[PDB]
Each structure stands twice: as C-alpha cells, then as structure tokens.
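Asker: Sharing a structure, written as structure tokens. Questions coming.
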Amino acid sequence: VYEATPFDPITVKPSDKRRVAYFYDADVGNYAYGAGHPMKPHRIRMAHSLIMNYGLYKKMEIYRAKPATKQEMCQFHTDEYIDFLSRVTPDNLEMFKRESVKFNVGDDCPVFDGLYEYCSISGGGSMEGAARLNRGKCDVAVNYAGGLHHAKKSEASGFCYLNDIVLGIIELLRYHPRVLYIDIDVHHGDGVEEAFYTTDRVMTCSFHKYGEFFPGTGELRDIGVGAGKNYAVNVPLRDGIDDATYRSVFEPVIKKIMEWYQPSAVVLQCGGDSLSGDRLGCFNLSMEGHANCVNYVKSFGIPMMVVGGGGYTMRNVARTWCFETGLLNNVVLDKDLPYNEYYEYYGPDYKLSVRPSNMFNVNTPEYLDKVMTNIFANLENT
Amino acid sequence: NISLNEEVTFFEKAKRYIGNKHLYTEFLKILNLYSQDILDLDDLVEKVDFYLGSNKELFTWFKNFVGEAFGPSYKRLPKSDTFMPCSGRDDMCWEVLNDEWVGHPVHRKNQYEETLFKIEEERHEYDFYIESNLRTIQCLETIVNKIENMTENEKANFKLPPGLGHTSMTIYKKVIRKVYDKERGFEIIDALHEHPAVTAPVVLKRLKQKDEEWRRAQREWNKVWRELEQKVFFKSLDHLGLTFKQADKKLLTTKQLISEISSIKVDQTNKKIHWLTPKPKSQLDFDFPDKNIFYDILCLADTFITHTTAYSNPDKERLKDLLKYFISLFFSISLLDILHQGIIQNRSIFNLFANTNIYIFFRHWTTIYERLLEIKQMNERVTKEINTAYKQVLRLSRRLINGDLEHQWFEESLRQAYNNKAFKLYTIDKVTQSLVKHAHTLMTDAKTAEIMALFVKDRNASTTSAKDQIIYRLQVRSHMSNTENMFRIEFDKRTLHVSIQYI
Amino acid sequence: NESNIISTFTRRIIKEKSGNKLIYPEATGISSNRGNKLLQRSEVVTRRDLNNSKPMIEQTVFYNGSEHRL
Amino acid sequence: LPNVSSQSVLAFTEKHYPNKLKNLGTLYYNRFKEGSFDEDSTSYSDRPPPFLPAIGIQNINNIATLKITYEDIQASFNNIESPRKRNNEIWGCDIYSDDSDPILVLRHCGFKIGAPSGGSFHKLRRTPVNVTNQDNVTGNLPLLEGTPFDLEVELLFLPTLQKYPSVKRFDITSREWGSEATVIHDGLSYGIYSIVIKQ
Ligand SMILES: [Zn+2]
C-alpha cells in the first residue's frame, strides 16, 4: 500500500549513539580510471578532506584496513579470474587479450596502475568492517572505499572488479544467522543479488531505475529460486523520483521486511549517483533525501555497515557522503563548507546544500502502489 | 593562399577539358549548388563522373580533393558450466552460495548541466596533472638525494631500472611525456633509465619549474571558471524552465501549427486504426469560459503598439481598434457595426473558413489563452500556500513589453510563486509580439482582406442554408490558390467553445 | 558569377580539410541507443556499457598551430 | 551498384536457433507512436520513437505479422507529413535493425507503388531473409493508381548485426551504423520475410 507522504526535515535520533568506525586509506585517491572517465576515486579523497576540515574526527575512530589477500578473495571469486586480475597490467594486456575478452575487462573496466591494489584495498576495507561488526567492537562501519556491487563471480562490469559486498556478507554470515542487504544506487546490484538467490541467509533489495539502463535486470518478478524463494525483493523505479517519493517507496518496504525477515545484521550501499545534477544518474534526490534512507535504517538499532559506491560529479557525492557520515554519528551538520584544498570545486556559493533540480517527476502514484502491492504480496508468503 | 593557385589551375584544366561553354556553366551551377550545402558528397562525385569522368587524372584529382530457465531474467547454467574452482570456499560458502543460476539482461540533460560537467572534468584533469607532477617531483627528489651521497664510481655505472622505485611504473611516464613532447618522452625515459646521473637533476629542475608554471596557469584559468560557474549554475536548475523555452521558440512556426492538425487527423481519424467507428468531424476542442482574460490581453496589445519601434501613427490608430473589432465580432462582447430543408432559424453554431493567416492568428490566441486558463485552477491554492496573485502576475507582465522590467526577473518572479505547477508563462512577450505581427499581416494583405470581408458577410446573417455554405466556400476559394491547405473553424456560442478541423 | 563562385567553392572545400532543415539536438544522458541514433553524436553510447559522458567530451579546434579544447 | 549478399547471418541463425518458427501476432503500423500488440486504443498525447517494439533475445528468429495501411505508404512515398521519412530512420542493408522504419525498409527492398517497372529489372530481392523465396511477393497490386490496398508484411527477427553499411539504393541513402567510431548496436535485427498483397 502506497500513500503520499510529504518530506520533512531530518532530525537525528538521540536514542542511540553507537560507535562509528570510518575505514579509510590515503592511497585509494591516487588511482585513476582514465582521461575522460567519469568514475573517479578522487571523490573519496574529496569527501575525506571535507570530513577532516569539518571537525568530525573527534567522534569517530578512523582506521586503515589492511589490503585483502588472494586467498581471502577466493572465498567468493574464482582462482582463474583473480589470477588474471592480479597478473594483468596496463602494459601486458596484449598477451592477456584472451582473458580480457573472456573476463570482460577493457570496455567499462579499464586496466590502470595498481588496479589489483585498488581491488585488494576495497576488499580489505569491507572485510575489516565486517570483522569489526562481527566481534562486537563496533556497530557502524563506514567503508566508503568499497561500494563495488556490479562485479560478478567471474566477470567485472560497471567499473566494478571485486565484489567486496558479498565478501563482507560472508564474513557476517560466519557467526550471524541471517543478513540483509540494501541498495540506493540508481543501477541494480546484479552480482550481490545473484550471489544468494538459492539461500535464505541473505536478502538483496535494490531501488534501481529499470528499463533501458545499464544493468537491465531486476524486475518485480525476480522472486528467487529454490529455498531462497521470496527472499530477494526488488523495487524498480523510473526517471525523476524525488525525496518524498523515495521516502514513501523506501520506508514501508524496509519496515515490512524487517518485521518478516527479522535481520540479524544489515549492510547498506550508498550510491551517490542518484542525486540531482548527476552525470550518469536520472534521479532528483537531494542530500536530505539521500541521508533519509541511512538515517531510517540506522534508527532501527541493528548492526549496519555503510559502503560507498557510485558518484560521478565530485561535489554532489562528496557532500552526500559527508552528510551521511555526520548523520551516522547522530550529529546534524553545520551545512557550511570550511575552506580546504578543494574549496574551488564546491560550486559558486560554497554551501554544503545542493538544490535539487526542477525536472519533471515520472513516477505515478498508482504504479508505485501496484509495485509495493506485488512486493508485499510476495513477501507475505514467508 | 598557398593552397589556392593549385586549385585554380586544376579547375582551369577541367574547364579546358570540358571545352563546352554551356556544359562549363552547368558544372559551375553544380558546384554552386554544392556550395550552398544542398548536394551530398556522394551525389557530387556521381554527378562529376558524368562531366569529368572522361579525364581519369582530373577525376582522380577531384575525388582526392573533395574527399532450462527459471524466472524472467535468470537462466539455469548447465551441469558442465557449474565447475569454476575456488580454493577459498569453505563448507558454508558451498552450502549458502549459488553456482547454478545466472542472470541475463532482457531524458535530455540541460545544456548547462553539460557545461558544468565539462568544467568539472577540466578541473579534475588539471588536478590530476598537478598531483602526478607532485608525485614525480617527490620521486625524482628522493632519487637525486640518494645519488648525491653516492660516490663517483657508482655514479658512472649507475643504471635506473624501470619503475623508479614507485608504486606504479606508469605514473611518472605520463608526467614526463606531458612536460616534454611525445616524440622526446621515450628518449628522455630511456636516458633516465641509462644515464640517471646527468638526467635526474635537470629533469627535476624542469619539473620544479613546470609545477609553478602549471599552478599559475590553473589559478589564472580559475577566474574564468569561477565566472562561468557563477553565471551558469543558477540557470542549471530549471530543466523544465529551459526545455519548454526552446520548445516555445521552435513551436510557433507556420508549418508546425498545420502539422499538428494534419498529424492528428492522419493518425486518429484518417487512418482509422480501430477500423470500427467513423472518423470524428473535428480534431481539436477549445473553451473560452472566462471573459476577463480579454481586457488585460487587449491592454498588453495596446502597450505593444504604443511601444513598438516600427509602426506608423495612422497604422497604430487602426491597430488600437482592430483588436476590439475582432473580439466584439467573434465573442459577441462589448456596415457601421462592421467598421466599428437545411434552413435553420436562430443559429447558434457558426463556421469560419479562412487561409493560413487567420488560422495562425487563432492558434496564437489559443496558445496564449491556455497558458492563462491553467493558472485559474491554482490561483487560490498558490495564494493560500504563499502565506503559509492574478493582479501580481498581470502587473509583472505589464512592465516587460513597455520595457520597464528587464527580461531576466520575469523568469525568477514566477519560480517562488509556483515551484513546478507553472512552467509556460516565461515567454509571454514573444507570443504576444507574434500575435500582433500576424494581426498586422492579416490586415495588410488584400486576399486576407477579402477573406475577412467574406467572413463578415457570412457572420452578419443570422440564418444559414445548405447552399449558402457551399457558396461561401466557392467565394473564398475564388481568390484562393488551390495548392494552399484548407482549414475550417467552428465556434459554438452555446458552450462558448471554438472547434477547428483540417480539410 | 564565376570567379567569386570558384573562390567560394575553394574556401568551403578547404575549410573542412585539416580538421574542423533540422539540425537535431545532442544526445546527453541516455543509456538506451535504441531509437536515439538520429540525435547528434550518440554513436559512442549503448545499453551494454555504463559510461555516458562521451557525448559531451570537448572537441578541439586548431588555431595558430595549436589545438584548443572548446 | 552496391550489393551485399549477406548469407552468413541466416546460416548462423539456422544453426544456432533451431527453434520452430512462430507467428507472434498481428502488428498495425503507426506513424508517430511506438507499436503495440493491441488495437483497442492507439492514442497518446503528452506535453518520433521507432515504431517497432523491443522483442528481446528470447524471441529471435520469429515471425511478426505487420499490417500497413495504404495512406501511410502514400504519405511516406513523396515525403509529405512523415517524421520517419524526413529523418531517414533507416539502418541496414537487406537486414535492418529494430529502429529502422518498416516503410523505408520495404522501399529499400525493391517495393514500389503502382504497376511494376517495364525496364530490364534485375532479380528482385524484396524478401532477402526468406532464403526459400527471395522474391516472395504474392497477390496482385491494383492496376489503377490510388486504389487503397492494405499490405500484410511478415518480418523475421534476426540477431544483432556487427555493422550496418550506408548505401544509395532506390534513391534512399540509409545512415551508417556499426563502424569503428560507433558502438555495437543493442537492439535486434529484422528483414522482410513474406509479402502478401491484400485489397
Ligand atoms: Zn551506480
């Protein structure tokens, strides 16, 4: 059942002030994807600089996750694919062209310097966040260096080489009975969704733009297969969704499933390409709307890990990640940008808030009502 | 001028080879037609094959001179395809993961958003160049400080293996090739690898100078980047505010209005896709419920006539009354009156048959009108919401045509009044000027004058007949070219509704 | 009508060399490549790949012996 | 005279798609709206997409009956009030992508209104995808011009083609796709399978 709910300003919940472990490494920001490439790890450095200059380090414990080894990566990936990934270099691709065409590397997954190091550091960040969330040493792991979900068991697509999300999920499943996964990225989490179709332990919900878009998968009928039936929900949307519409289509589904599924642990992707003015996105969310999902998920008092993917315009993703990091500490942000290295890149007004665009929303209320109708109908089975 | 005399000589040779004055003039006509960007290159070469095809060498010069499945999106992998060994998988990873099912696949951005993306990309490219230069400078500095302490004997046989002790051997190569030229980059890299003792200090000095030069260049470009962002970012919020602006710019062309009716006819009524019901008589439906939207628009018109640069006072005094005349004659509102079995008594349905000019004027009238009829249902709502307006928008639109208010503030004035409800009131001046110009071209033309006289005579009769309509059509067609597209307008007094139909 | 016409043809044919009616709008922000082949550029985007920033990649003009990213 | 024989695609489809041919259903031609499998309502007004719809990989090598009205053929032939014809929305050579206009595709195959040309015409290939009958044009066209006869068109959907060359056949200059600067097409391909003339 879908009902229209106007958006309201975000206020933190002082009920809980759980520990926040913001994993970060200073060498991730050095790697580059190309010249005209939209995907830039430099946005992680932008967000970290914004956090540092903002005064948020006194609350959160900053770490530096150890890079993962090949044996750890073999927990989910194949030995051949990870071997090719480690061996491939931007120079010897001619000798590796057979694997490049076989493993789909080169078109949307360019080979660059330290690519295996990038994959290793992201996998290690997710692994250490899961390890901290499993030992009870923390309750929120902001692994902004991860957020790589498009990668599959033996393929790399969508600027996504190593699926660190499923590795962290397996680590959580080491001692947790059931785990749950959320998405906010405009695209679809094909690899993460596919990784746990036939089993009940993991659920994969994605709020993905559907139709003629990059993943092209994740319809409303992707119920599951075998014993994992009704345990993989999907919420396809359309172009131009706004903050209130996103909240109304997000919150009831999560409430219903955690009433039914009853997760023991939670992971939340935080794709920053679903904002206004985005380069590869088609939404109209704002930082308030983006932070609404993470605040709502955190308000349920469950062990959650926030990862960071997407984001192809520097200012939007940087501000959104800073706002999410602040709200994870139950602290509202100043919403004024302090001077730092990248002060010149933050618009002509130098304000943290970015105004969402005026573009025409497409999501009809009756279509959303029917969509959540099928979602609730299939979730009611279990 | 260096590469023109050769072409002059080639064309002289071609003219001499043709030898015929008339054929040469025809070839000149062909090349002039191509010069107007109307003839394709393939068409041009196929045409010149007829003339210069006899001479193979001249033709070659010309040619080289002008150029089991489960689920909707998931398919079960076969038994043989399920074996991709992974050594890191334990018992839980085997039990709780899947290896038998694999998924299979089955808006125009604003120009200013594109400009912002380009600006951001340029800034990031400069930043990446500067950061790579910094890393290479640090690497060369540590190499220089390591070699300076080293003795002369080790300096002589000092060889630099590829990599330079860096986390990425390709990081410094790009910086070196950027500082130098692409042809000398490989040579400089080889010299660094083979003669580090003499190469490292000078290359480090070059990098040190280029860092300062590039930083100064970036800070100089930042002025223009700041100005661009300041003057473009505010505009880069209204996706509907600019797309509809260009749509209104491109819409009111003479061909487009008749294109709408012809398209709707040929799509719905003429084609009869259903093939079950007869085609409807009319195409479009319009309503004129409010009459207070007439005096204000007439005042806007009189403002334009009193402010227009190119119009004569004897023409202006006529225009000041023509609009009153059409409103009084068409909507029955307030020869001397004119200057100021089918027989049905007391007719309420009237027909107006005219050419493209009257149709275009009526379409301009209706396009201006439906912009104001939509805000009728929202005036009270926005008046309620603003303090949690018709006079305000009227007086704000007054000051543009007379020149009191500049064009810019009009767009932002309505933004706060209507966030997304109103996005069609931003180009009132253009449609109003189009309407007044079309009224002028209606009055000036003699054929249009005869059409309006025939319409006056037809409307002055309170009773119509079957033969009277045919006589009216024949009379309007007598001075009318057959090739011109025929339209018809019917106005219903009972419901104050005006309908149109394409003939 | 002859010397001017040959000069104009030579100018218009040498302008294209050495690098550079509805005109159609540029296609930026579409990941379909189904019915948008008509639009300007849009030959480098497709549903298969994620990148769609290629259409707005700046072009170059060689003026005074050097390129300029317009 | 540009000639592309193109027998590789059909043999490839035969070997790799042994599924039986099936008639998906009748398709009614439209001029401004995306096609559909229904006829109850064909109106849409909002404040030119390709007529053919998305077929999907699972529906490769299938027959989709397409019905074309005579008035649309008239309007497209002399380029009067036809967005697709003025836009030259034609791509392919005897095998055309899903975005190519069906009328321009049929014209590109050798179809011509009125009586057949009296010249020394070569062996027509109006149905190249139908290797069984490369000129499967049944029925008698009306001798008198202007007589409205409806065309029943059978289209065989084919897998994606690597490149769509640009040729000038029957005074039609189709646009070029699949070159090195361009990218691999995502939609399927189709051609004229069978033609039956209906009065
Ligand atoms: Zn994404």
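Order determines the names: the first chain of the structure tokens is A, the second B, and so forth; residues in each chain are numbered 1 upward, and ligands are numbered 1 upward as they are shown.
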Residues of chain D within 9 Å of chain C, counting only C-alpha atoms - could you list those as a PyMOL selection string?
Answerer: chain D and resi 48-50+54+87-89+98-100+177-178+181-187
Asker: Write out as an MDAnalysis selection string each polymer residue (protein, DNA or RNA) that has an atom no more than 7 Å from ligand 1, with only C-alpha atoms and all ligand atoms counted.
Answerer: chainID A and resid 185:187 271 273 309:310
Asker: Name the residues of segment 35-142 of chain D that fall into helix (DSSP H, G or I) according to DSSP on the backbone, using the chain letters and numbers of this document, as a PyMOL selection string.
Answerer: chain D and resi 57-59+70-77+83-87+102-108
Asker: Mind listing the strand (DSSP E) residues of chain D, per DSSP on the backbone, as JSON, numbers by chain?
Answerer: {"D": [27, 28, 63, 64, 65, 66, 67, 68, 96, 97, 137, 138, 150, 151, 152, 153, 154, 155, 156, 157, 158, 168, 169, 172, 173, 189, 190, 191, 192, 193, 194, 195, 196, 197, 198]}
Asker: Counting only C-alpha atoms, what are the residues of chain B within 8 Å of chain A, and for each of them which pair of atoms is the nearest and at what distance in Å, to one decimal? Sort the table by chain and rising number, as a tab-separated table.
Answerer:
```
residue	atom	partner	partner_atom	distance
B:70	CA	A:225	CA	7.4
B:71	CA	A:222	CA	6.5
B:72	CA	A:221	CA	6.7
B:73	CA	A:217	CA	6.5
B:84	CA	A:78	CA	6.2
B:85	CA	A:78	CA	6.0
B:86	CA	A:78	CA	4.7
B:87	CA	A:74	CA	6.0
B:88	CA	A:75	CA	4.1
B:89	CA	A:75	CA	4.6
B:90	CA	A:75	CA	7.4
B:93	CA	A:75	CA	7.1
B:96	CA	A:199	CA	5.6
B:97	CA	A:196	CA	5.6
B:98	CA	A:198	CA	6.0
B:101	CA	A:194	CA	7.9
B:102	CA	A:194	CA	6.9
B:103	CA	A:194	CA	7.0
B:104	CA	A:217	CA	7.1
B:105	CA	A:216	CA	5.1
B:106	CA	A:216	CA	6.4
B:107	CA	A:282	CA	7.8
B:113	CA	A:277	CA	6.7
B:117	CA	A:279	CA	7.1
B:120	CA	A:313	CA	7.6
B:121	CA	A:36	CA	7.6
B:123	CA	A:345	CA	7.8
B:125	CA	A:35	CA	7.2
B:167	CA	A:114	CA	7.5
B:168	CA	A:113	CA	5.7
B:169	CA	A:113	CA	8.0
B:170	CA	A:113	CA	6.8
B:171	CA	A:113	CA	7.5
B:226	CA	A:348	CA	6.8
B:229	CA	A:348	CA	5.8
B:230	CA	A:348	CA	5.1
B:233	CA	A:348	CA	7.4
B:237	CA	A:357	CA	4.8
B:238	CA	A:358	CA	5.2
B:239	CA	A:359	CA	4.8
B:240	CA	A:359	CA	5.6
B:419	CA	A:358	CA	7.8
B:420	CA	A:358	CA	7.0
```
Asker: Pull N, CA and C atoms from the residues just selected and write them as a CSV table (one decimal), in the first residue's frame.
Answerer:
```csv
chain,number,residue,atom,x,y,z
B,70,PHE,N,14.5,-20.6,-15.3
B,70,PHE,CA,13.6,-20.3,-14.2
B,70,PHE,C,13.7,-18.8,-13.9
B,71,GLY,N,12.5,-18.1,-13.8
B,71,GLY,CA,12.4,-16.7,-13.6
B,71,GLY,C,12.5,-15.9,-14.9
B,72,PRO,N,12.1,-14.7,-14.9
B,72,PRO,CA,12.0,-13.9,-16.1
B,72,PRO,C,13.4,-13.4,-16.6
B,73,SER,N,14.3,-13.2,-15.7
B,73,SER,CA,15.6,-12.7,-16.1
B,73,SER,C,16.8,-13.6,-15.7
B,84,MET,N,33.7,-23.9,-11.7
B,84,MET,CA,34.7,-22.9,-11.7
B,84,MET,C,35.4,-23.0,-10.3
B,85,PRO,N,36.5,-23.7,-10.1
B,85,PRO,CA,37.0,-23.9,-8.8
B,85,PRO,C,37.4,-22.7,-8.1
B,86,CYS,N,37.1,-22.6,-6.8
B,86,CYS,CA,37.6,-21.5,-5.9
B,86,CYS,C,38.1,-22.2,-4.6
B,87,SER,N,39.4,-21.9,-4.4
B,87,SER,CA,40.1,-22.6,-3.2
B,87,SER,C,39.7,-22.0,-1.9
B,88,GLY,N,39.2,-20.7,-1.9
B,88,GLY,CA,38.9,-20.0,-0.7
B,88,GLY,C,37.5,-20.4,-0.1
B,89,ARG,N,36.7,-21.2,-0.8
B,89,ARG,CA,35.4,-21.6,-0.4
B,89,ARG,C,35.4,-22.7,0.6
B,90,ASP,N,34.8,-22.4,1.8
B,90,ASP,CA,34.7,-23.4,2.8
B,90,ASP,C,33.3,-24.1,2.8
B,93,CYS,N,30.4,-21.5,2.6
B,93,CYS,CA,30.4,-20.9,1.3
B,93,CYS,C,29.9,-21.8,0.2
B,96,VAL,N,25.7,-22.1,1.2
B,96,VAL,CA,24.9,-20.9,1.2
B,96,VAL,C,25.1,-20.0,0.0
B,97,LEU,N,25.9,-20.4,-1.0
B,97,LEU,CA,26.1,-19.7,-2.2
B,97,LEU,C,25.5,-20.5,-3.4
B,98,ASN,N,25.3,-19.8,-4.5
B,98,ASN,CA,24.7,-20.3,-5.7
B,98,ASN,C,25.7,-20.4,-6.8
B,101,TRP,N,22.6,-20.8,-11.3
B,101,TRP,CA,21.7,-19.8,-11.9
B,101,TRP,C,22.4,-18.5,-12.1
B,102,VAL,N,22.3,-18.0,-13.3
B,102,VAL,CA,22.9,-16.7,-13.7
B,102,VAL,C,21.9,-15.8,-14.3
B,103,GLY,N,21.9,-14.5,-14.0
B,103,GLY,CA,21.0,-13.6,-14.5
B,103,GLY,C,21.4,-13.1,-15.9
B,104,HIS,N,20.5,-12.8,-16.7
B,104,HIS,CA,20.7,-12.4,-18.1
B,104,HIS,C,19.9,-11.1,-18.4
B,105,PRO,N,20.5,-10.1,-19.0
B,105,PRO,CA,19.7,-8.9,-19.4
B,105,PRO,C,18.6,-9.3,-20.5
B,106,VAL,N,17.5,-8.5,-20.4
B,106,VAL,CA,16.5,-8.7,-21.4
B,106,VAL,C,16.1,-7.4,-22.1
B,107,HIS,N,15.4,10.9,-21.5
B,107,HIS,CA,15.7,12.1,-20.7
B,107,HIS,C,16.8,12.9,-21.3
B,113,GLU,N,23.9,21.8,-17.6
B,113,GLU,CA,24.4,20.6,-16.9
B,113,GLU,C,25.6,20.0,-17.6
B,117,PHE,N,29.4,19.7,-16.3
B,117,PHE,CA,30.2,18.5,-16.3
B,117,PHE,C,31.5,18.7,-17.0
B,120,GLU,N,33.8,20.6,-14.6
B,120,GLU,CA,34.3,19.8,-13.5
B,120,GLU,C,35.4,18.8,-14.1
B,121,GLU,N,35.2,18.3,-15.3
B,121,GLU,CA,36.1,17.4,-15.9
B,121,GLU,C,37.5,18.1,-16.1
B,123,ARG,N,38.6,20.7,-14.5
B,123,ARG,CA,39.3,21.0,-13.2
B,123,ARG,C,39.9,19.7,-12.7
B,125,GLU,N,41.0,17.2,-14.5
B,125,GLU,CA,42.2,16.9,-15.3
B,125,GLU,C,43.4,17.7,-14.9
B,167,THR,N,55.3,3.0,-6.7
B,167,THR,CA,54.2,2.0,-6.6
B,167,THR,C,53.5,1.8,-8.0
B,168,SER,N,53.8,2.6,-9.0
B,168,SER,CA,53.3,2.4,-10.3
B,168,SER,C,54.3,2.9,-11.3
B,169,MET,N,54.9,2.0,-12.2
B,169,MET,CA,55.9,2.4,-13.1
B,169,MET,C,55.3,3.3,-14.2
B,170,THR,N,54.0,3.4,-14.4
B,170,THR,CA,53.4,4.2,-15.5
B,170,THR,C,53.0,5.6,-15.0
B,171,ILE,N,53.2,5.9,-13.7
B,171,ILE,CA,52.7,7.1,-13.2
B,171,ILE,C,53.6,8.3,-13.7
B,226,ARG,N,35.5,30.4,-12.4
B,226,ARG,CA,34.6,30.9,-11.3
B,226,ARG,C,33.5,31.7,-12.0
B,229,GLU,N,30.9,29.4,-13.6
B,229,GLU,CA,30.1,28.7,-12.7
B,229,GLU,C,29.1,29.6,-12.0
B,230,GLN,N,29.5,30.8,-11.7
B,230,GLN,CA,28.6,31.8,-11.1
B,230,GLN,C,27.5,32.2,-12.0
B,233,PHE,N,25.5,28.3,-13.0
B,233,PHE,CA,24.9,27.3,-12.1
B,233,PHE,C,23.5,27.6,-11.7
B,237,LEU,N,19.3,24.8,-13.0
B,237,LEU,CA,18.4,24.1,-12.1
B,237,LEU,C,17.0,23.8,-12.8
B,238,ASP,N,16.6,24.7,-13.7
B,238,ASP,CA,15.3,24.6,-14.4
B,238,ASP,C,15.4,23.7,-15.6
B,239,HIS,N,15.2,22.4,-15.4
B,239,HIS,CA,15.1,21.5,-16.6
B,239,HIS,C,13.9,21.9,-17.4
B,240,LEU,N,12.7,22.0,-16.8
B,240,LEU,CA,11.5,22.4,-17.5
B,240,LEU,C,11.5,23.8,-17.9
B,419,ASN,N,6.5,26.4,-7.8
B,419,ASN,CA,7.7,25.6,-7.9
B,419,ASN,C,7.7,24.7,-9.2
B,420,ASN,N,6.6,24.0,-9.4
B,420,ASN,CA,6.5,23.1,-10.6
B,420,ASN,C,5.2,23.2,-11.3
```
Asker: Give the residues of chain D that lie within 10 Å of chain B; count only C-alpha atoms, and format the answer as JSON, numbers by chain.
Answerer: {"D": [28, 29, 30, 31, 32, 33, 38, 39, 40, 41, 42, 43, 45, 47, 54, 55, 56, 57, 58, 69, 70, 71, 72, 75, 81, 82, 83, 168, 173]}
Asker: Can those selected residues be exported to a file as an mmCIF file, in the first residue's frame so that it contains C-alpha atoms?
Answerer:
```cif
data_model
loop_
_atom_site.group_PDB
_atom_site.id
_atom_site.type_symbol
_atom_site.label_atom_id
_atom_site.label_comp_id
_atom_site.auth_asym_id
_atom_site.auth_seq_id
_atom_site.Cartn_x
_atom_site.Cartn_y
_atom_site.Cartn_z
ATOM 1 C CA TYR D 28 -0.692 -2.489 -37.008
ATOM 2 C CA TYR D 29 1.515 0.227 -38.464
ATOM 3 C CA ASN D 30 1.704 3.606 -36.736
ATOM 4 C CA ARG D 31 3.209 6.903 -37.849
ATOM 5 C CA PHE D 32 4.083 8.688 -34.587
ATOM 6 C CA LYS D 33 3.562 6.132 -31.792
ATOM 7 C CA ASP D 38 -3.291 -4.322 -29.175
ATOM 8 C CA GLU D 39 -5.926 -2.429 -31.152
ATOM 9 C CA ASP D 40 -8.433 -1.214 -28.534
ATOM 10 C CA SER D 41 -6.760 2.196 -28.179
ATOM 11 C CA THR D 42 -3.906 3.699 -30.210
ATOM 12 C CA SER D 43 -3.905 7.304 -28.990
ATOM 13 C CA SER D 45 -0.972 12.946 -26.381
ATOM 14 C CA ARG D 47 3.122 17.850 -23.460
ATOM 15 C CA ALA D 54 11.548 -4.380 -28.020
ATOM 16 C CA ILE D 55 11.413 -8.081 -28.878
ATOM 17 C CA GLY D 56 14.154 -9.462 -26.650
ATOM 18 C CA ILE D 57 16.749 -12.181 -27.097
ATOM 19 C CA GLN D 58 14.283 -14.989 -26.347
ATOM 20 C CA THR D 69 -2.214 0.899 -44.388
ATOM 21 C CA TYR D 70 -2.158 2.406 -47.872
ATOM 22 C CA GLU D 71 -2.451 6.035 -46.732
ATOM 23 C CA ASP D 72 0.756 5.832 -44.686
ATOM 24 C CA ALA D 75 2.353 9.851 -47.208
ATOM 25 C CA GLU D 81 3.954 14.709 -43.299
ATOM 26 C CA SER D 82 6.127 11.775 -42.212
ATOM 27 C CA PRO D 83 8.652 12.272 -39.387
ATOM 28 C CA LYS D 168 22.135 4.533 -52.052
ATOM 29 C CA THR D 173 20.637 6.925 -48.581
#
```
Asker: Between C:20, C:40, C:64, C:28, which residue has the minimum interatomic distance to chain B, considering only C-alpha atoms?
Answerer: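 Comparing C:20, C:40, C:64, C:28 against chain B, the winner is C:28.
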